[PDB]
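Below is one structure, written out as structure tokens, with a few remarks after it.
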Amino acid sequence: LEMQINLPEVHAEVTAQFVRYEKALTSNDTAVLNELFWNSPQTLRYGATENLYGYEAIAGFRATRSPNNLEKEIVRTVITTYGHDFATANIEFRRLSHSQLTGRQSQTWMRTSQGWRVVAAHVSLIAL
Amino acid sequence: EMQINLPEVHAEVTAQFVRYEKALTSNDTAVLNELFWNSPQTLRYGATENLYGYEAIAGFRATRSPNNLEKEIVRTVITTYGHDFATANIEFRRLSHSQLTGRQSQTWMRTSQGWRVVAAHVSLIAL
Ligand SMILES: O=C(O)CC(=O)CC(=O)O
Ligand SMILES: O=C(O)CC(=O)CC(=O)O
């Protein structure tokens with residue numbers, strides 16, 4: 001894997017799915033948000049204020065989340081692919097409601113037979 | 001899907017995770033640096049800082065205070081995918097900050113020199 005860092009075609013596919021994910025967040029398109037998370041009990045998301053274990057818990061969280069005050073400005077993005085089937089996506093952002101905090105979002109992506117999926121995610125806000 | 005938690009692979013990664021946790025408590029920076037992937041792509045979103053590239057992470061390790069190190073691990077999920085990739089996610093607590101619960105996420109890759117962390121993210125939140 002270490003011999004195949006950021007193969008152009010792989011990096012392009014993952015970047016596309018990442019943009020898809022970010023677009024679905026802004027429109028609260030829960031169908032796409034759920035589509036992009038790996039459907040497995042192992043999948044997990046450490047959110048800004050909650051820890052969710054399993055796809056079912058993540059999907060359930062998305063159903064009960066309010067689409068209000070969701071906007072976020074991405075400031076930095078690093079997408080790295082390893083071989084043909086694995087990737088990480090790491091971003092910094094600012095959320096408009098907490099202008100004094102810098103946001104971090106990490107995702108690990110895996111290529112499944114149904115396409116790229118997030119297997120684990122972690123979001124946090126800090127003051128620098 | 002594609003070979004989830006193969007016993008031998010899951011055992012190797014769990015061993016390296018235990019190695020990492022032991023090196024944190026003894027502030028064994030040699031082992032801490034050994035376990036992070038030596039690449040400019042490697043990154044660590046720390047509890048209080050964002051570091052890009054192995055050199056920035058190694059530099060941070062040389063200057064860090066080892067004092068408030070100890071922590072109770074409360075949940076661990078280690079998941080391996082095929083033979084060469086893994087994630088490790090833990091929740092932890094400290095008696096020194098009873099109001100904060102910790103999260104630590106890592107993505108691991110098998111290199112020719114062994115398993116390495118390619119990305120990590122640590123954060124503390126209120127209960
Ligand atoms: O607020 C959070 O927990 C993170 C977030 O913006 C939506 C996501 O990336 O799932
Ligand atoms: O104290 C913690 O759990 C987070 C941390 O920075 C140790 C590490 O770098 O793994």
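As a basis for the values below, the full set of heavy atoms in this structure was taken, side chains included, without hydrogen atoms, waters or symmetry mates. Numbers restart at 1 for each chain; the letters A, B, ... are given by sequence-line order, proteins then strands.
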query = Does a side-chain N-to-carboxylate-O contact under 4.0 Å join A/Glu50 and A/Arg45?
reply = no

Do the side chain of [X] and the main chain of [Y] share a donor and acceptor less than 3.5 angstrom apart?
X        : Y        : value
B/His10  : B/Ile78  : yes
A/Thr43  : A/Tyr55  : no
A/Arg94  : A/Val75  : no
A/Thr26  : A/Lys23  : yes
A/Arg117 : A/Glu35  : yes
B/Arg103 : A/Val123 : yes

With a 4.5 Å cut-off on side-chain heavy atoms, are [Y] and [X] touching?
X        : Y        : answer
A/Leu7   : A/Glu9   : yes
A/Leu125 : A/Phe93  : yes
A/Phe86  : B/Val118 : no
A/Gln42  : B/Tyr81  : no
B/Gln16  : B/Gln106 : no

Same cluster for [X] and [Y] if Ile/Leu/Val/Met/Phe/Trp/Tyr side chains link at under 4.5 Å?
X        : Y        : result
B/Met109 : B/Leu43  : no
A/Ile74  : A/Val118 : yes
A/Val78  : B/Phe36  : no

Could you measure the distance from the [atom1] atom of [X] to the [atom2] atom of [Y]? Nearest 0.5 Å is fine.
X        : Y        : atom1 : atom2 : answer
B/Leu95  : B/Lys71  : CG    : NZ    : 16.0 Å
A/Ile5   : A/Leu1   : CD1   : CG    : 7.5 Å
B/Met2   : A/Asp85  : CE    : CG    : 4.5 Å
A/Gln100 : A/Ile126 : CD    : CD1   : 13.0 Å
B/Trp115 : B/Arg19  : CH2   : CZ    : 14.0 Å
B/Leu35  : B/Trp108 : CG    : CH2   : 4.5 Å

Where [X] and [Y] come nearest, the two heavy atoms and their spacing:
X        : Y        : value
A/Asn90  : B/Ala119 : ND2-CB, 4.0 Å
B/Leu100 : B/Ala126 : CD2-N, 4.0 Å
B/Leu32  : B/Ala23  : CD2-CB, 3.6 Å
A/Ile91  : A/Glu22  : CD1-OE2, 4.1 Å
B/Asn33  : B/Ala58  : OD1-CA, 3.5 Å

request  = Say whether A/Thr88 and B/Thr107, considering side chains only, have a donor N or O and an acceptor N or O under 3.5 Å apart.
outcome  =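 Note: A/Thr88 and B/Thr107 side chains miss the donor-acceptor criterion.
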
task = Compute whether any side-chain donor of one residue and acceptor of the other, for B/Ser112 and A/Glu2, lie under 3.5 angstrom apart.
result =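 Yes, side-chain donor-acceptor contact under 3.5 Å.
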
message = Please determine whether the number of non-hydrogen atoms from other residues, nucleotides or ligands lying under 6.0 Å from atom CD of B/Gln113 exceeds 12.
response = no

inquiry  = Under the rule for ring pair (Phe, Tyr, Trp, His ring centres under 6.0 Å), what residues qualify as partners of A/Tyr53, not counting sequence neighbours?
reply    = A/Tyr46

